[PDB]
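[1] Experimental structure and sequence below.
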Amino acid sequence: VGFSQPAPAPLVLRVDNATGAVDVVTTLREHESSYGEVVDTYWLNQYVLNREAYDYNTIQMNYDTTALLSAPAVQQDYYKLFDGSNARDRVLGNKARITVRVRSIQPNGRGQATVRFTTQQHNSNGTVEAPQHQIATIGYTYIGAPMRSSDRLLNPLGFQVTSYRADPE
Amino acid sequence: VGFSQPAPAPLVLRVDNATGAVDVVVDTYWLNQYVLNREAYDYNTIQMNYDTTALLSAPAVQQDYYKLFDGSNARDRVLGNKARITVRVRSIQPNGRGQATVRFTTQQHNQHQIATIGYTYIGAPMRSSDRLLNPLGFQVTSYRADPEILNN
Amino acid sequence: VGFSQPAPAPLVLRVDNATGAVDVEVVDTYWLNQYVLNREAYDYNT
Amino acid sequence: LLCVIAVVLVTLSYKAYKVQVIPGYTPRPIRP
Amino acid sequence: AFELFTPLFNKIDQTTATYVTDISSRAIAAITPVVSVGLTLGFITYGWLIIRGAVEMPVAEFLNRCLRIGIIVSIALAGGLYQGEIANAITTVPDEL
Amino acid sequence: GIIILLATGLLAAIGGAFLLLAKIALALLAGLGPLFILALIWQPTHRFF
Amino acid sequence: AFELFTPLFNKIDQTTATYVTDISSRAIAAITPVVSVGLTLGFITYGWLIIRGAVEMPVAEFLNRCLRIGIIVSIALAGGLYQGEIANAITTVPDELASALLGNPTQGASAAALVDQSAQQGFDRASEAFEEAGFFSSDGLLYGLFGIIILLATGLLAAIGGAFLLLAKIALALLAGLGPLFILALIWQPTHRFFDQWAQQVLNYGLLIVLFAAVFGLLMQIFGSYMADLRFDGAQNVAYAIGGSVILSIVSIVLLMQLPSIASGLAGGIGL
């Protein structure tokens, strides 16, 4: 019981960019750790872009990042997109790629925001498919700082998607 | 043993009030020089940045880059000698097996962006015009930089 | 021995209000060539 | 017999052991 | 100038080298040590077993048959010098033409 | 011009293609050699050599 | 684009499946349960009769002969997995022709696809020649003759190669379909020669398909690259380019023509 397992939970001393005021660890771990429209829209953007996008060459990082920013339920939904004969890994593979960009994100409540974004497919023959427009609805929270170097250097805030859907616009 | 006396504290997270961006308080060099020269523009120095970018790019990547200077919307016609682009890299963090994330800014004289770079090295080149620019053989094999949405 | 844990190590940090920065053989030739080009050259802008 | 077969085998293992460029594209500087 | 047969011959030579000569060299080199030791140990073991077992004529049958097998295997494994022969064929065409 | 082109081309093509056949066949036989020199070991497989 | 060998190969594959492979599959499936039960009951019956009345060698001969019959019937009934072998052949062609001897990274293309791409390069050069002929109203039929020559060379090379690939595929489909009748021919000594001949023909057409896949892929890729470089600009000699085209074509046609004899000779050389 006295072993060095479970060290002090990572503490984020939030620093205000305008005032330089320093915050401390808080009950935000047992609440939405991500705070502030500015901060939440960043995480929502990075989540959607990495989740929806695809490139054989960079996907391992986007894949792990998406999982890092997802609740286990969400992680499983995501992992499944790379499974079976219709897997993104087989459909796009190293023949086609997906480019994703977010146009606008607006929070609407208590762990919920709307993400308006576009997506397009490029390929090995040098062609490009017409871009599509999509809107994601993201349910989310924050689980506080993670306790592994491989996680804190990607998601220090603890952003986590608890529910996700994206429909054609 | 479990006590150790030695204990480890946590990197604090810095939140940019303007961008909401959270920062935790040899490859990175090449990734920096690549992004800066690739994304930047000045009529007066671009020939070197242009050739350098190509020197540090796989043919697929070189072509993507060359195309930015083609057609009526070419950087050479849009910026020409009327406007210029200044680029600076804030931070680069490798994340795997030939892959890194570059956080940087850009501005026009007469925004915040993040690049994802896939890369390798092809060893020393065998021309004086190449070895004096990229002796290490740095080469980008995949490249995609995305600006923030709306304000960013 | 535990009950009297060593005095909490002094904790101090500095925050830059301008940058938001929070704080707790073949190598010489390449550097020399880059330094020489930057040194002799001049442009107000760079 | 093992002496001769061994010299053959040693000569045999003596033979056993004994046995990235940039792209091309249009010029970087063009006339302003 | 007109250069069509030089590039074509070089291309075909590269394809034959990578896919018919190197693969054969890689296989022979990998098996040469193991087969060598195995053949030597088999020689020793079979000699002892036949002198203590099934009838054989050691002075003539065993030495002569072992010599035949040995010479044939030596020649066969000397084919691991494939590069010499491919370059011998490559030199043959031009020297005569 | 078409007649000249066809005559020259067909002569050169026939000769060069038979040279190519000879070279490819000799290369393949030289590669597969050792399997057939090993065939001298056993009497039934002598026909392969 | 030029797509001729892909649709033709798919057509021949569908035909050979639906008749040769599917008939054999369903016929084997229909008899498998009946033959299984019949063989089991016949084994029981003959065992009882030999142990009571008939001439028998109880433990050695009867068990060994039953084992031989059972193994042969099990292998012959394993033919009921026909789709596996048909896919095996249809994938043996592209895997080998793709990068076994070319030495170029492969995205995963096949035979008909590569033939189509190279023939497309040739026919595009012919189309450009026809366009130039259209430009020069008179004094333009020279370009028409150039286009006809290019078209004929490309077409004849592609046709010879693809037709021998088609012959190999059709022959292998028929042989696989008729396989069980010749595997049952090992039961009786007089009918052994039938299985020997069937095996020899299977080896013949397998060697044919291997050789044509490899060599035709290499030659047709070389021809496609050469024609893809061809241009009617002011910098290339028209005579040199057309002559190189016809030389490459004829060189490929005769090399390929030697291959059927080689395959048949190797099959004959193996005893069987």
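    Now that the structure is in, tell me what you want to look at. Numbers count the residues shown, from 1 in each chain, chains lettered A, B, ... in the order given.
[2] hey, let's count contacts and neighbours off CA atoms from now on
    Noted.
[3] Kindly report the residues of chain D close to chain B.
    Residues of chain D found near chain B (CA under 8 Å from any CA of the partner chain) are D:20, D:21, D:22, D:23, D:24, D:25, D:26, D:27, D:28, D:29, D:30, D:32.
[4] Go through the residues you listed and flag which are in strands.
    With strands identified by DSSP state E, none of the entries of the residues of chain D next to chain B belong to them.
[5] Name the residue closest to the centre of chain A, please.
    What sits nearest the mean C-alpha location of chain A, by CA atoms, centre = their mean, is residue A:47, with 2.3 Å.
[6] and the strand or helix carrying it, what other elements does it pack with?
    When secondary structure is defined by DSSP states H and E, residue A:47 falls within helix A:37-52. Using 3 or more CA pairs under 8 Å, 6 or more residues apart in numbering or on different chains; DSSP states H and E as the contact criterion, the elements in contact with helix A:37-52 are helix A:59-68, strand A:96-107, strand A:112-123.
[7] Can you name the residue of chain A nearest to chain B?
    Using CA to the nearest CA, the single residue of chain A nearest to chain B is residue A:39, 3.7 Å away.
[8] Tell me, how many residues neighbour that residue?
    Other residues near residue A:39 number 20, with proximity taken as other CA atoms under 10 Å in any protein chain shown.
[9] swap in residue D:4?
    Other residues near residue D:4 come to 9 when the count uses other CA under 10 Å.
[10] Let me know the helix or strand that it is in.
    Here residue D:4 is covered by helix D:2-18, with elements defined by DSSP H and E.
[11] Flag every residue of chain B that's near chain D.
    With CA under 8 Å from any CA as the criterion, chain B meets chain D at residues B:43, B:46-51, B:54-60, B:62-63, B:66, B:76, B:80-81, B:121-123, B:125, B:139.
[12] Of the residues you listed, just the buried ones, PyMOL syntax please.
    What follows is the PyMOL syntax selecting those of those that are buried according to 16 or more other CA atoms under 10 Å in any protein chain shown:
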select buried, chain B and resi 43+46+47+49+50+51+54+55+56+57+58+59+62+63+66+76+80+121+122+125+139
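[13] just checking, which of the residues of chain B next to chain D belong to helices?
    Of the residues of chain B next to chain D, the ones assigned to helices by DSSP state H are B:46-51, B:54-55, B:59-60, B:62-63, B:66, B:76.
[14] buried subset of the residues of chain D next to chain B?
    D:21, D:22, D:28, D:29.
[15] Of these, which is the nearest to chain E?
    Proximity to chain E was ranked across these by CA to the nearest CA; first place goes to residue D:21, at 20.1 Å.
[16] before we move on, back to that, quick check: buried residues in the helix holding residue D:4?
    Of all the residues in helix D:2-18, those buried under the rule 16+ other CA under 10 Å are D:5, D:8, D:9, D:12, D:13, D:15, D:16.
[17] Which one of these is nearest to residue B:102?
    Using CA to CA, residue D:16 comes nearest to residue B:102 of these, at 48.2 Å.
[18] Run through the residues of chain D next to chain B and flag the ones next to chain E.
    Among these, no residue sits close to chain E (CA under 8 Å from any CA).
[19] Distance to residue A:31 for those - can I get that in TSV?
    As requested, those are arranged in TSV below (distance: CA to CA, whole Å):
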residue	distance to residue A:31
D:20	52
D:21	53
D:22	51
D:23	52
D:24	55
D:25	54
D:26	55
D:27	56
D:28	53
D:29	55
D:30	57
D:32	58
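[20] which residues touch whichever residue of chain D sits closest to chain A?
    When CA to the nearest CA is the measure, chain D has its nearest residue to chain A at residue D:25, with 16.0 Å between them. Under the criterion of CA atoms under 8 Å, 6 or more residues apart in numbering or on different chains, the contact partners of residue D:25 comprise B:62, B:63, B:66.
[21] Assess the claim that the first one and residue D:26 are in contact.
    No. Residue B:62 is beyond contact range of residue D:26, at 9.8 Å (criterion: CA atoms under 8 Å).
[22] hmm, back to that, just the element for the residue lying closest to the residue of chain A closest to chain B once chain neighbours are set aside, please.
    In this structure, residue A:39 finds its nearest non-sequential neighbour in residue B:20, 3.7 Å apart by CA to CA, 6 or more residues apart in numbering or on different chains. Residue B:20 is part of no helix or strand when elements are defined by DSSP H and E.
[23] OK, contacts around residue B:20?
    With contacts taken as CA under 8 Å, 6+ apart, residue B:20 has the following neighbours: A:36, A:37, A:38, A:39, A:40, A:41, A:42.
[24] Contact partners for residue 26?
    Since you didn't name a chain, this refers to chain A. Listed by CA under 8 Å, 6+ apart, residue A:26 has no contact partners.
[25] wrong chain, I was asking about chain D
    Shown here is residue D:26, whose contacts under the criterion CA under 8 Å, 6+ apart are residue B:66.
[26] Can you pull the phi/psi pair for it?
    phi -60, psi 150 (degrees, to the nearest 10).
[27] can you check residue A:126 too?
    Per-residue torsions, residue A:126: phi 80, psi 20 (degrees, to the nearest 10).
[28] picking up where we left off before, and the helices and strands packed on helix A:37-52 as a markdown table, adding distance to residue B:70 and mean neighbour count?
    Listed next are the helices and strands packed on helix A:37-52 as a markdown table, based on distance: least, CA to CA, whole Å; neighbours: other CA atoms under 10 Å in any protein chain shown:
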| stretch | distance to residue B:70 | mean neighbour count |
| --- | --- | --- |
| helix A:59-68 | 30 | 19 |
| strand A:96-107 | 21 | 19 |
| strand A:112-123 | 19 | 18 |
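[29] Need the residues that contact the helix holding residue A:47.
    Counting by CA under 8 Å, 6+ apart, the neighbours of helix A:37-52 from elsewhere in the structure are A:34, A:62-63, A:65-66, A:69, A:78, A:98, A:100-102, A:105-107, A:113, A:115, A:136, A:138, A:159, B:15, B:17-22.
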